[PDB]
Amino acid sequence: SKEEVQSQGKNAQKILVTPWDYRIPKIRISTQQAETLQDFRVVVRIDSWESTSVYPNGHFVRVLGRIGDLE
RNA sequence: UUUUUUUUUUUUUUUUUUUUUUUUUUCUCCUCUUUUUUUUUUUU
């Protein structure tokens, strides 16, 4: 959310993402558009689970629809 | 009744070349609660 992105900096490489089913952990990915996609569902993938992190790594894949409209 | 003389616009042209997007950082990060997980069946 915004008030916790304006504090990430404004060129915040690393970011944390919240999945949609409770069965999945959170994923560590690096992007540079977080401050203009805060009203959209997105898609990510997974490349490697690393042990010096508590989370698994990923990378953005493609955009999805908008949170609020049926589509 | 007032003669004679005091030069002028720098000279030159017939020289070789075998490279190549960019370029250089920012850390670890507590996801709250009825559950085992339901399940045949038929009309698309």
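Sequence positions are given from 1 along each chain as written, possibly unlike the numbering in the entry, and residues without coordinates are left off. Chains and ligands are labelled sequentially in the order written, the chains with letters from A and the ligands with numbers from 1. For clarity, the chains displayed are a part of a larger assembly, and the values are limited to that part. Note that water and hydrogens are dropped before the side-chain values are worked out from all heavy atoms of the structure.

cryo-EM is the method the PDB entry states for this structure, with the resolution given as 3.7 Å.

Our focus in this paragraph is the protein's contact with RNA strand B. With respect to spatial proximity, the complete set of residues near RNA strand B consists of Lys14, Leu16, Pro19, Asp21, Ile24, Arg28, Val54 and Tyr55. We call a residue near a molecule or strand when any one of its heavy atoms sits within 4 Å of it. In RNA strand B, atoms within 4 Å of the protein come from the sugar-phosphate backbone in 64% of cases. Any pair of N or O atoms that falls within 3.5 Å is considered a polar contact. Within protein, one atom must be able to donate a hydrogen and the other to accept it, and sequence-neighbouring residues count only if both atoms are side-chain atoms. Between RNA strand B and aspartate 21, the relevant distance is 3.5 Å, taken from a base oxygen to a main-chain nitrogen or oxygen of the residue. Within the side chain of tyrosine 55, an N or O atom sits 3.2 Å from a phosphate oxygen of RNA strand B. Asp, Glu, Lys and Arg are counted as charged, while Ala, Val, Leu, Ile, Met, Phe, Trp, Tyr, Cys and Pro are counted as nonpolar; the rest, among them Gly, fall into the polar class. For the surface near RNA strand B, a count of residues per class yields 5 nonpolar, no polar and 3 charged.

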